[PDB]
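Have a look at the structure below, then the notes.
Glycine also receives a Cβ, built like all others from the backbone with ideal geometry; neighbour counts cover every protein chain displayed. Here, each number is a calculation from the coordinates, and none is a lab measurement.
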Number of protein chains: 2
Amino acid sequence: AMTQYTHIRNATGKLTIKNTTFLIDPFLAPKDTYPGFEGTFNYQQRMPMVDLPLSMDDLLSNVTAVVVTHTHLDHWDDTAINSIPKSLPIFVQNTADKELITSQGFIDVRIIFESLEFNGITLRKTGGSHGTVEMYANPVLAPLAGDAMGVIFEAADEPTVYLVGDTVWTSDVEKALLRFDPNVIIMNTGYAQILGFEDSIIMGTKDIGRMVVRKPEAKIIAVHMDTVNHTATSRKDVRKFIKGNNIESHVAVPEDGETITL
Amino acid sequence: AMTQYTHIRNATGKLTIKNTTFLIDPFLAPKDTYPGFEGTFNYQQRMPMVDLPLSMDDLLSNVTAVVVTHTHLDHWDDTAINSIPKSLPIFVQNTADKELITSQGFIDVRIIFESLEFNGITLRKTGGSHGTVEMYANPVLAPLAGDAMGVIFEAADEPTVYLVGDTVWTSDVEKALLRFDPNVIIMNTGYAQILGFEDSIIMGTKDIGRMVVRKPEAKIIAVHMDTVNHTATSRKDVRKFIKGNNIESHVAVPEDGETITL
Ligand SMILES: [Zn+2]
Ligand SMILES: [Zn+2]
Ligand SMILES: [Zn+2]
Ligand SMILES: [Zn+2]
C-alpha cells in the first residue's frame, strides 16, 4: 500500500516508506536547460532531454526529506536548490556536500557518516566508485567523478531498499548486498560514457544480469536513463536485454512518473 | 623526535610525525602463539613465525596513540589488548570496531568517519577492499574479509604518509593517491592467499611496480611479510622483484625493528 517508489526522471524519484517520503537526487531543470556534458558520449545533445512528468507542485507535495547521493548536476541542480523548501532535512554523503548545500540556504543538512535514523527509518551509507580503476588513475577524469554514495533504507516490516547510486560494480556493492540483503534494488543503469574510454562511470545491462543472479528474490528497478546526454544505454536497450534473458519478472524499467508498489 | 617509520613485525609499526608517535596495527604475540589461519595458504604453519624485534618498552614507551585499521588477529591481538595502556587514544574505522575495543577496556576510542585531528596531525580515512570482487561475492569468504581502512597522515611541514592498509588495488587507492599526493607510502605486500582462490586479499609485487609507476617520487615502504602463515610473497620475493625492475631506490623493505628516516 503506502510503501512505494515513484520514478521522476533520470535518478530523481520519490521513495515512500511508511509516512515518510524521500525525494532522491533531484535534478529538476526544464528540458534542454543545459548543453551535454563536455567530453562525454553524445555531448552535442542538450539535457535533460525530456521535461518532468509532473508539475512542480505535485512533485514537491508530500516530500518529508531529501536524499542527495552526490552533487553532480544530474542529481542536484539549481532548479532543485530554488524549489525545495529550505527547511526540509537533506541527507548527504560527506562534509563537502553538507558545506555546499548549507551555503545554498538549506538549514537542516545531515551527513550520513555510517547510519542515521529518521522517523523510524534507518539510512545506511554504502560505498561506490563512480568509474573504473583506470578512470580514477586519470588525473583529468578522476576529480570529475568524485565520491558518490548509495543508501540502504530499513524500517520495521518494510522491504529493505538499496539505492545503489552512481557506482560501477565493486566490492562495496557486494558488501551492501550480503550485509543488508535488500528486497528492492534501485540501480542506475544508463551506462554513462566518456569519450576515449571503453567502460562506464555507472552501471548497465551487465550489472542488471549480475544483480538478478546475486539476488534472485529482489525487485530490481532500473533508472538513470533517457535523460542526460551521455547515458549510452536506454530503456529500450534494457528492455531488450531483460526480455532476451528471461528476467523481466525480476527487473522493472519504470517510465518517468510511474509508481511501483514495494 | 624526528619524523620516521620504525617497522616492528608484519603490519605493526611505529610512525613518528610532528613529535607524535602512532603505534600501527599491533599484533604482538610471541612466536607460534597461534595456529595458521584456517582455510588459507600454508595453513599448517603457526604464527607469528618470528618473535618481536624489540622489548615491549622500546615498543610502547614513546607511543602517543594507536591506529587500528581493522581487528583481524594479525592487526590486533590479545597480547596488544593486555599490554597497551588502556588510556591510549585508539583510532578505529567504524562503530563495530569501537564497540569491540571499548569492550576490551580501552576508554578513549575514536572513529575516523572522515578525518580526525590529533596533536596537530590530520588522520584521513581511506577506502579499501580486503579481497577481489569475486571474493566478496562468496558468502563464506566475504564476512571473514570484512572492512579495513587505510589512513593518510598529514601535518604542516611534514611528509604526507599513506598507510594503504589491507586492500587490493581499487579506485579507493587511486582516489587517495591523487587527492592527497602522499610522499611516503606504506604498503601491505605479503600477498596473503586463501585456499581455492587465485588472487590475494592484500597487495603483492604487481602493486609495488604499479605504485612506483604512479608515484615515482614517493618513498615506498613494503611490509606485512614473513610473519603470518598465508602471505605467499616474502621479503626475498620483493627484493628480487625490485632489483630485477631497477626500482630499489623507490622501495624499502625494512627488517623487523628497522627505522627509516622520512
Ligand atoms: Zn554522478
Ligand atoms: Zn549520474
Ligand atoms: Zn586483514
Ligand atoms: Zn593483514
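Observations on the structure shown:
- Counting DSSP beta bridges with both ends in the protein assembly as shown, the antiparallel % (nearest 5): 60
- Under Karplus coefficients 6.51, -1.76 and 1.60, residue-wise ³J(HN,Hα) of segment B:146-159 in Hz, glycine/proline x: x, 9, 7, 8, x, 9, 9, 9, 10, 7, 4, 6, 10, x
- Electrostatic dipole magnitude of the protein assembly as shown [Cβ: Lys, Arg +1; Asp, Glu -1; Cα centre; debye, to 20]: 520
- Sorted from shortest to longest, the distances between the A:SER61 label points of this copy and the other copies are 7.4 nm, with each point 7 Å from Cα along the line through the beta carbon.
- Cα shape, the protein assembly as shown, gyration tensor, a/c 1.5 rule: prolate
- ³J(HN,Hα), Karplus 6.51/-1.76/1.60, whole Hz, each residue of segment B:208-214, x for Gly, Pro: 4, x, 5, 5, 5, 5, 5
- Residues whose amide H comes within less than 5 Å of that of B:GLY150, counting only those at least five positions distant or on another chain, are B:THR126, B:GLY127 (H built at 1.01 Å from N in the peptide plane).
- At most 16 other Cβ within 10 Å, DSSP loop - GluC sites (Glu not before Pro), segment A:164-240: A:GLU198, A:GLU217
- For segment B:130-145, 3J(HN,Hα) computed residue by residue from phi via the Karplus equation (6.51, -1.76, 1.60; θ = phi - 60°) reads 7, x, 6, 4, 4, 5, 6, 7, 8, x, 8, 5, 3, x, 6, 7 Hz, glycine and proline entered as x.
- Residue pairs, from the table A:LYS98/A:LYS219; B:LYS175/B:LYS219; A:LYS98/B:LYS125; B:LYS14/B:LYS125, whose Cα atoms sit over 20 Å apart: A:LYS98/A:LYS219
- Relative exposure of A:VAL213, B:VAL184, judged by other C-beta atoms within 10 Å (fewest first): A:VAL213, B:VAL184
- Amide H contacts under 5 Å for A:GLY13: A:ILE8, A:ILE24, restricted to partners 5 or more places along the chain or on a different chain, H placed in the peptide plane at 1.01 Å from N.
- Qualifying trypsin sites (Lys or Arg not before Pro) in segment B:83-124, DSSP loop, other Cβ atoms within 10 Å at most 12: B:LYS86
- Starting from the label point of B:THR261 at 7 Å along Cα→Cβ, the same points in the other copies fall at 7.5 nm, in ascending order.
- For chain A, calculated [θ]222 nm from helices alone, where every DSSP H run of n ≥ 4 adds -39500 (n - 2.57): -6000 deg cm²/dmol
- Label distances, nm, A:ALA156 versus same residue in remaining copies, Cβ-directed 7 Å point: 5.2
- Here's the list of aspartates and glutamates a cross-link from A:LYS215 could span, going by alpha-carbon distance under 16 Å and ignoring same-chain residues fewer than 8 apart: A:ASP172, A:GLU174, A:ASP181, A:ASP207, A:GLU248, B:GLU134.
- Summary of the geometry: segment B:24-71 and segment A:32-103, compared by the centres of their Cα atoms, lie 49 Å apart.
- B:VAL109 long-range amide H proximity, modeled H, under 5 Å: B:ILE90
- Ranked for footprinting exposure by Cβ neighbours inside 10 Å, fewest first, B:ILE201, B:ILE111, A:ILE242 give B:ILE111, A:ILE242, B:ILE201.
- The chain B residue nearest the rotation axis shared with chain A, using its Cβ and rounding the distance to whole Å, is B:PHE113, 2.
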